[PDB]
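Chains as they are written, first to last, in the authors' numbering: chain O, 1 to 172; chain F, 1 to 172; chain U, 1 to 172; chain A, 1 to 73; chain M, 1 to 273; chain T, 1 to 162; chain N, 1 to 162; chain R, 1 to 162; chain P, 1 to 162.
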Amino acid sequence: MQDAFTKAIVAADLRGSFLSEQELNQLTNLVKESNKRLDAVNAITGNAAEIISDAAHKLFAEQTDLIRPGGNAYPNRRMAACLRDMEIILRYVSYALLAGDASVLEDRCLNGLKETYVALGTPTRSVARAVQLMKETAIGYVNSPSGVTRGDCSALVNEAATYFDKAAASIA
Amino acid sequence: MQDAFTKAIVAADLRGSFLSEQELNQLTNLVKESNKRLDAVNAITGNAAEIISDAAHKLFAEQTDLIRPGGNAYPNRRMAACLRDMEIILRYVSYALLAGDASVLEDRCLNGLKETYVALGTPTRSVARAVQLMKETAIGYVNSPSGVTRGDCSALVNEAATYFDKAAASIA
Amino acid sequence: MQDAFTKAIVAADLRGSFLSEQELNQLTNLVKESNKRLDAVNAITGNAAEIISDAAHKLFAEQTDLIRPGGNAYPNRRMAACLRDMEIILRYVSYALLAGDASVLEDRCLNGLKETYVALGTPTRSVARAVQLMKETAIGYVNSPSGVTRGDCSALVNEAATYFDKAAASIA
Amino acid sequence: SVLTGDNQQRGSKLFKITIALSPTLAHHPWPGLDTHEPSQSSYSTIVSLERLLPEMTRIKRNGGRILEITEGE
Amino acid sequence: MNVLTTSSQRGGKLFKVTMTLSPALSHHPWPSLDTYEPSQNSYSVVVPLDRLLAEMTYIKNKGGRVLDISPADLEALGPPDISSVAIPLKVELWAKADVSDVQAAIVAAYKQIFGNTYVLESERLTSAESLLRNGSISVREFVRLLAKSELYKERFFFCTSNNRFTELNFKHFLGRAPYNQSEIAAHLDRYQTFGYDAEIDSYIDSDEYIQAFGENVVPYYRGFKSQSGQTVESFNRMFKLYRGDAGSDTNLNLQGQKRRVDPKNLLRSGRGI
Amino acid sequence: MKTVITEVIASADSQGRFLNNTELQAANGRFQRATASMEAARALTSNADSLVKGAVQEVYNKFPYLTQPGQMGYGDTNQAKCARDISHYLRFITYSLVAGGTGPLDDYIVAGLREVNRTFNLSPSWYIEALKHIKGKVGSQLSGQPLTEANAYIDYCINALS
Amino acid sequence: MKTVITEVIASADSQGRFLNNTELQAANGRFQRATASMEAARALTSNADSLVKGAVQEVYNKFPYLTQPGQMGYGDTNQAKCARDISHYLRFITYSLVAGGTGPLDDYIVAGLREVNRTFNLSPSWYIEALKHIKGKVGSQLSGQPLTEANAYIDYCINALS
Amino acid sequence: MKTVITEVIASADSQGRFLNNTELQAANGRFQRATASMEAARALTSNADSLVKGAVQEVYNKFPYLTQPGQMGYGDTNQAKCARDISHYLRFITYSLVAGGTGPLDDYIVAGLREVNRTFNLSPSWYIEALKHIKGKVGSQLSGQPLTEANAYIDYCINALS
Amino acid sequence: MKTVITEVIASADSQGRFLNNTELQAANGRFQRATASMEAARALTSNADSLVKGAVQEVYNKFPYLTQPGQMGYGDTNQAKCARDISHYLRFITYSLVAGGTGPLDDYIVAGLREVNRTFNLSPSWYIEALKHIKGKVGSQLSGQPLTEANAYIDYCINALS
Ligand SMILES: *[C@H](C)[C@H]1/C(=C/c2[nH]c(/C=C3N=C(/C=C4\NC(=O)C(CC)=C4C)C(C)=C\3CCC(=O)O)c(CCC(=O)O)c2C)NC(=O)[C@@H]1C
Ligand SMILES: *[C@H](C)[C@H]1/C(=C/c2[nH]c(/C=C3N=C(/C=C4\NC(=O)C(CC)=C4C)C(C)=C\3CCC(=O)O)c(CCC(=O)O)c2C)NC(=O)[C@@H]1C
Ligand SMILES: *[C@H](C)[C@H]1/C(=C/c2[nH]c(/C=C3N=C(/C=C4\NC(=O)C(CC)=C4C)C(C)=C\3CCC(=O)O)c(CCC(=O)O)c2C)NC(=O)[C@@H]1C
Ligand SMILES: *[C@H](C)[C@H]1/C(=C/c2[nH]c(/C=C3N=C(/C=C4\NC(=O)C(CC)=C4C)C(C)=C\3CCC(=O)O)c(CCC(=O)O)c2C)NC(=O)[C@@H]1C
Ligand SMILES: *[C@H](C)[C@H]1/C(=C/c2[nH]c(/C=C3N=C(/C=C4\NC(=O)C(CC)=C4C)C(C)=C\3CCC(=O)O)c(CCC(=O)O)c2C)NC(=O)[C@@H]1C
Ligand SMILES: *[C@H](C)[C@H]1/C(=C/c2[nH]c(/C=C3N=C(/C=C4\NC(=O)C(CC)=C4C)C(C)=C\3CCC(=O)O)c(CCC(=O)O)c2C)NC(=O)[C@@H]1C
Ligand SMILES: *[C@H](C)[C@H]1/C(=C/c2[nH]c(/C=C3N=C(/C=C4\NC(=O)C(CC)=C4C)C(C)=C\3CCC(=O)O)c(CCC(=O)O)c2C)NC(=O)[C@@H]1C
Ligand SMILES: *[C@H](C)[C@H]1/C(=C/c2[nH]c(/C=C3N=C(/C=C4\NC(=O)C(CC)=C4C)C(C)=C\3CCC(=O)O)c(CCC(=O)O)c2C)NC(=O)[C@@H]1C
Ligand SMILES: *[C@H](C)[C@H]1/C(=C/c2[nH]c(/C=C3N=C(/C=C4\NC(=O)C(CC)=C4C)C(C)=C\3CCC(=O)O)c(CCC(=O)O)c2C)NC(=O)[C@@H]1C
Ligand SMILES: *[C@H](C)[C@H]1/C(=C/c2[nH]c(/C=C3N=C(/C=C4\NC(=O)C(CC)=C4C)C(C)=C\3CCC(=O)O)c(CCC(=O)O)c2C)NC(=O)[C@@H]1C
Ligand SMILES: *[C@H](C)[C@H]1/C(=C/c2[nH]c(/C=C3N=C(/C=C4\NC(=O)C(CC)=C4C)C(C)=C\3CCC(=O)O)c(CCC(=O)O)c2C)NC(=O)[C@@H]1C
Ligand SMILES: *[C@H](C)[C@H]1/C(=C/c2[nH]c(/C=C3N=C(/C=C4\NC(=O)C(CC)=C4C)C(C)=C\3CCC(=O)O)c(CCC(=O)O)c2C)NC(=O)[C@@H]1C
């Protein structure tokens, strides 16, 4: 697939050139943040189950019809699917976060997701909603850990957001 | 069409709710930057011709073959098209920048663009390149103007970038 | 599949008739040429490697950009493909030549080729060129062999050409 | 409309027709009952003999009637 | 069909191949002659770049033949937004129009009449522009001059077949897409006897024109919004005829002039005559 | 369709290799033989009709009861069909000789033979006799290799039928 | 493209599992290494040219006959090519250092190496010398881990070539 | 068993290639981390017992009714089991730290977790509390990376259980 | 081993069918040709040695530097080998002629050719010259079909080598 490093390379290749010193300095600094980056990911993975559980509860409190007969999250079978899906999306987001690149998430999951959902009759709107619900909860953890060295994670936090949002958008 | 304001509305509508106070504060802030926002746009429009002219020169210095018989920018007719296209993309980007939203750019301009380029045999890679070349030159002006009250435009500058990049990506 | 003989049969079948005496005489004479036909094929197969090698050299001397970073024949991996493809086309052409019929060539080989090339972004023009380059070299051998009984091969030579050309056209 | 030159590129004998205009013939792109323009109650268009029959028939079925026909030249 | 991932887990551009299946390629596990299943006469698989060569050869070596290949990125893309064509916009040329207003109608007329196709300065028609703006020509008459111009014949009519030129006309002169083969057939016949000029006239002359955008309104997209006497399929056709903004009708592209609306789709909406 | 030429191409193609000497040798074989094959075809084509009459006839002698009313051999329609059929077999045999492979036979006649015959209650036996009778007649008009060829193909059907 | 980071993602994805401690450990390894890797790249990038000249040259010393007329080393075009190629190899090696995996090398250089070389009659040997000569020079400008890294990648090609 | 070292070998092996720089980088990561990991294990191993008591206990506070007669928490046998189990979980967690991968956890604890629990009507919830309570205690005896590691693994189970 | 006869059997066998006329035609081809093939073999077999000397020699003329010390062509062992090898090529081309297929050539020589040559740094080029030189000589002792056959096979190797 692709990631921050690989990407820059590829660009450089088409110009036919060695990497610009400027460009190295992007990567150099990217490295420095690694440790932060990692912990961010770790936080998501660690709390995964919860993140979802939470988001779901909220999703269903809001859109009560999904769980009513005739809705899309009914019956059990469907409900299960819906949970599974949420998780997946999450997993991909995390992946991206580590890579430092949207690519993996979009190619593996998002590209074609909308249309699938459409054909099935799944309401894309609601899906998107769920993704956001997840986003907020997730950030919650990323941003409020214990026993990690205190410092500023904002930069990472925002990038995280973006990933979630690409998701939300393409699905929606 | 769509823009920052309208967008937030729409979201709010589907929830079925009045706008959240938090959400207003996004827009409230957005307003405050207006003046900056505007000047940014003004800078692009003012320099338009040049931006392109410049980018082109560089594009052709790099990929000599485009202008050689058998290349894609040859003969005149084609060259003309290629210039025209660059401009268009620019035009849209500007629009977006004012709106505070990618949409206009995506819907009018990017949508279908890749496929067109493919069918024609136009090398998408090069197109993307051109877009970037443009980006850099453009920022150049946005960021270094004359007679304007000095302050920080970064926020706007980055958003500008993103627009250019969405372009680059979807074309590529 | 099909070939000269089989073909004539099929035609006859739809009329519902035994083969016309006239029609036999087409095949009767076709047989007589066999020996010539064969040697033609033999010449191609014998020189295969070379034919290609040659054509390639010329192709790349002309279209320098193919082998430049950003071009279609770069990097190695791609180059390899491009060589492989040329060969294949050749292989088929030969097959046809023996069969005494385009079909095999059209159905196994040419069918879908253009579209592939398109999807990949491979420049169909150049492909076609290569095919011709091959053609000329190939004829070269067919027409100038060693140890063969001297006589007129034109008839075969032209048919050979046609095959190459169908190729060139459908790809292009 | 006075013809500045022969309008039609394809060439035959050309006739100037003046028509009373229904709202249907030239409805404005407006909400509510469409209104033909005030300024031109009577549109006047030059027409080749070949297209003269169609034009008239189409004018006829639409309310508007031919005020007067005059050879363009 | 929809593809769900653009790229394979191992890096690799997935391509979507479509083939006409053959009994050899897939067969039911029954006794008796081998049949493929009817609903998959046109089968579609998504293959990585690496397996593509071998997959295609196997298909061809059996009775299969490849209807088309297409990159999965292009496929598995949104159907075109209809935002700009849902409400067209609409341009009126008033009598006593300003210099600017005439300009804006001219541009709009080129855009609609020529498809997103670009018109160069040398291509543009001074003479017919000159007639508008001193009066003498209607918007409807200008439109008839464009569809008589060589520029128009070169693009839409001289490269493609009449069957495509027809729908291509239906789009330019009426927002609608064609509805029923009857329409395509009638135009083909009219063209044979009357010739190209009559055919063009018959759109502008027809009642849909004038009833909509009658005179002095540049034609705008009617399709994409429900019209009288318009089969539903027609609405889906419109999505084939109209791909996006910054999608065009181009003779310039590889195999430039093909038919967006497969002839079997027309026959669905109404077969007879 | 299976002929010598098609096969070697196929085999070459499968392995993904150029036609080398191996295959050409084979091809050559097909062409050399053709002269005999072709001759045989000219002979069958000419006497077609007469062969057909004789055959149809034979069948009836062999299976008298067929001509009785309420049977298959009875009433002209059926006789017409019976004629037609045998003629078709002959046409394919001539086609095969010329094509230089069983191909034509396989695809027209053989594939689906059984089920057709089952559903319409055509007894293979009949056809066979037809063929045999033919073979016997052909065994006069032809000689040497030409003959041999004719036989091969005629038989090939016998075997397929049985 | 194979880098440490891409791989663990890939592996995680295949199983359908979140990135757990296992993978992060691996990642940590990469990025820690990077500091050395990055250094090496800066060093090669700077001296590029000089390394290239020296290499090309070397090859000729090693294989005098190449420069004779009617050979491959002869006439400027070829020399230009020869330069180009060696520069390309170096560029991929620099890329790989930065990417932290063989990925870049594999996809550009290695895949299809053989057949290219066969069809154009490029003798691997040559390239190799180029590399070796390089390795020797690099063995001065660098030291410690930075060096070690540079070697690894340079070698990786030697092995692929041979 | 999945550890960093085993995986890179596996990946190398699948592609059919020697361990190149890519994999070693990864390995390196595992080894440098170990020092922290190892420390954590020594700490858990020592306080084992105390952690266990505390946990078991907790569970009962959290779910009083379990200790009532006719329930599962009731009667020593069950309490013994409950102890055993938590102790087993702890041992696997220590094992993982040392091995430097989830491997040990996956194979002993996780695989088949669900069905076991279903058939004997063990409520995941319980275990979870145990773990959480543990995590809290561990959050005193440890600090910095050692801590971080301990958490990761403990959690990994929480997630598997839930 | 691929000969005409083996192939048709193979094809027949795969489909699960008796050898019918189609295949025999092919076989016939092989046998008719043999007379020429056989002749060619007798001619090569006899002049073997002389051809070999001439070839080996040629190579050295073509690539003088080989005979210099520190090269491959240098020192008798290598020369002996070089001779041997070409003799192996010579004996196997003869085998093919007789067998009536490339078979013998393929598995004995062509298979694994590349990798052998790579690992021992034998340059295909050399062999090729050897062959070419041979081809030229053979182009005197033979004539007509016999010649043609000899060529086919000789070339087949050239192509495989290149
Ligand atoms: C949950 C938030 C919402 C919801 C989800 C939902 N999805 C399905 C069905 C499917 N879900 C997917 C999605 C994926 N499969 C994948 O492999 C991937 C990664 C590329 C995704 C994200 C698919 C394609 C299916 C079909 C396959 C399957 O069923 O396993 C359903 C069930 C509907 C049905 O008829 O199948 C549901 C309910 N819909 C909602 O109601 C929520 C708002
Ligand atoms: C950011 C979301 C929150 C945060 C992160 C943070 N982390 C560090 C420092 C380190 N983090 C790690 C973690 C890892 N390194 C690895 O190799 C792995 C996988 C095995 C992880 C999970 C490490 C080792 C460090 C170095 C020092 C340490 O003892 O942690 C910082 C400090 C800055 C830095 O990059 O060193 C920060 C800020 N802490 C917060 O408060 C954020 C909310
Ligand atoms: C940002 C890219 C660069 C920059 C811009 C900048 N502008 C202002 C302030 C103003 N600029 C305008 C400009 C307009 N307002 C309008 O209504 C229009 C269109 C009719 C324009 C072109 C105005 C009116 C203002 C306010 C008055 C003033 O100039 O003081 C600022 C100051 C921030 C602020 O307005 O609060 C800045 C920073 N200057 C830079 O340093 C950037 C390179
Ligand atoms: C060489 C003259 C030109 C060239 C060729 C080229 N082809 C590919 C890739 C492919 N080419 C094919 C070809 C075929 N598909 C078929 O069905 C047949 C006939 C049966 C052929 C010959 C295919 C399938 C591929 C895709 C899969 C593959 O691995 O080859 C490339 C590489 C494309 C890429 O981006 O990887 C190239 C370069 N292109 C040129 O530059 C030459 C002008
Ligand atoms: C045509 C491009 C050149 C040419 C051909 C030519 N060939 C012959 C005759 C023969 N060539 C062959 C070759 C084969 N027959 C086989 O069975 C096989 C496969 C193993 C081969 C390769 C044979 C056997 C003959 C017959 C005997 C002979 O060689 O003379 C002729 C003679 C005319 C004829 O039709 O017999 C000719 C003209 N000669 C040229 O001048 C062209 C350059
Ligand atoms: C017979 C009454 C008429 C007729 C039929 C006919 N069909 C074919 C070929 C096919 N027919 C089918 C049908 C099906 N396939 C299925 O699996 C099903 C049930 C699920 C059906 C009903 C198919 C798919 C084929 C094509 C492939 C195959 O062999 O299965 C033919 C032959 C067509 C050909 O040229 O190969 C015929 C003749 N046609 C007639 O003549 C009758 C009027
Ligand atoms: C006559 C030799 C055979 C024959 C012809 C036939 N065609 C139709 C109907 C149509 N033919 C076309 C085809 C075209 N589209 C184009 O653009 C062009 C010009 C390049 C052509 C030739 C079309 C569109 C139609 C539809 C109706 C029409 O008349 O235009 C029919 C009528 C049958 C029907 O409409 O279903 C016929 C008979 N078919 C035969 O039977 C003859 C062997
Ligand atoms: C220039 C950077 C590159 C390039 C471009 C190029 N484009 C065309 C042809 C077309 N380009 C477009 C573009 C658009 N249509 C739209 O409406 C929009 C947004 C609204 C865009 C950007 C279209 C419609 C066409 C087709 C019509 C036409 O005649 O232009 C060409 C010519 C293609 C041809 O073969 O004639 C070219 C060259 N190609 C390059 O060489 C550059 C890398
Ligand atoms: C002749 C020895 C006996 C005989 C035969 C007979 N045949 C039929 C009907 C059919 N025979 C065939 C045979 C073929 N049709 C083909 O397409 C081919 C391949 C070229 C063959 C060999 C078929 C298919 C039929 C079925 C329907 C048809 O109309 O042909 C009949 C009629 C039986 C019926 O119920 O239709 C008969 C009687 N007739 C005689 O006199 C002999 C006893
Ligand atoms: C230098 C030691 C010797 C030399 C080399 C030389 N190379 C070629 C031709 C090619 N070399 C390559 C190599 C690459 N091209 C790539 O894209 C890559 C991967 C990034 C590599 C490694 C290729 C592909 C070619 C083929 C055509 C081309 O020029 O690209 C030649 C020309 C030989 C010919 O006949 O084609 C030569 C001479 N030059 C010297 O002087 C040394 C002996
Ligand atoms: C403690 C929180 C609660 C409790 C536990 C309890 N467990 C069982 C029975 C089993 N517990 C396990 C657990 C494991 N054994 C293993 O080998 C592993 C993997 C290393 C685990 C996690 C198993 C497998 C059993 C079933 C077989 C057995 O008897 O060991 C029981 C008894 C249930 C029964 O039906 O007999 C109980 C009660 N007791 C408490 O006080 C808490 C409620
Ligand atoms: C002659 C052009 C050059 C030359 C030859 C030479 N060969 C070797 C080593 C080997 N030769 C072969 C070749 C074959 N052995 C086989 O089994 C077959 C197939 C039947 C062939 C074609 C083999 C396999 C070897 C490698 C192992 C061995 O010792 O047999 C050498 C020695 C090289 C070395 O030891 O590394 C040489 C020199 N000698 C010359 O003078 C020419 C340059």
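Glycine is no exception: its CB is placed at the ideal position from the N, C-alpha and C atoms.
Proximity to residue i [Cα-Cα], best of the options
i	options	result
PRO79 (chain M)	M:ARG140, M:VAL261 and M:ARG243	M:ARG243
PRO75 (chain U)	N:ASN78, N:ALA80, N:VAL98 and N:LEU105	N:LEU105
Distance cut-off 7 Å: residue i Cβ against heavy atoms of ligand 2
i	result
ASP155 (chain R)	no
Residue-level contact to chain M via CB, residue i, 8 Å cutoff
i	result
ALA99 (chain N)	no
Any non-hydrogen atom of ligand 3 within 7 Å of residue i CB
i	result
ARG150 (chain F)	yes
Minimum Cβ-Cβ distance from residue i to chain P less than 8 Å
i	result
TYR74 (chain N)	no
Anticipated Cβ contact below 8 Å, residue i with residue j, distance rounded
i	j	result
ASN265 (chain M)	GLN257 (chain M)	With a Cβ gap of about 18 Å, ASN265 (chain M) and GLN257 (chain M) do not count as contacting.
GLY112 (chain O)	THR5 (chain M)	7 Å
Proximity test, Cβ basis, 8 Å: residue i and chain O
i	result
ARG125 (chain F)	yes
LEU147 (chain R)	yes
Any non-hydrogen atom of ligand 5 closer than 7 Å to residue i Cβ
i	result
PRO146 (chain P)	no
Residue i: CB within 7 Å of a non-hydrogen atom of ligand 1
i	result
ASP85 (chain O)	yes
4 or more residues per run - each alpha helix (DSSP H) lying fully within the region 29-53 of chain F: none
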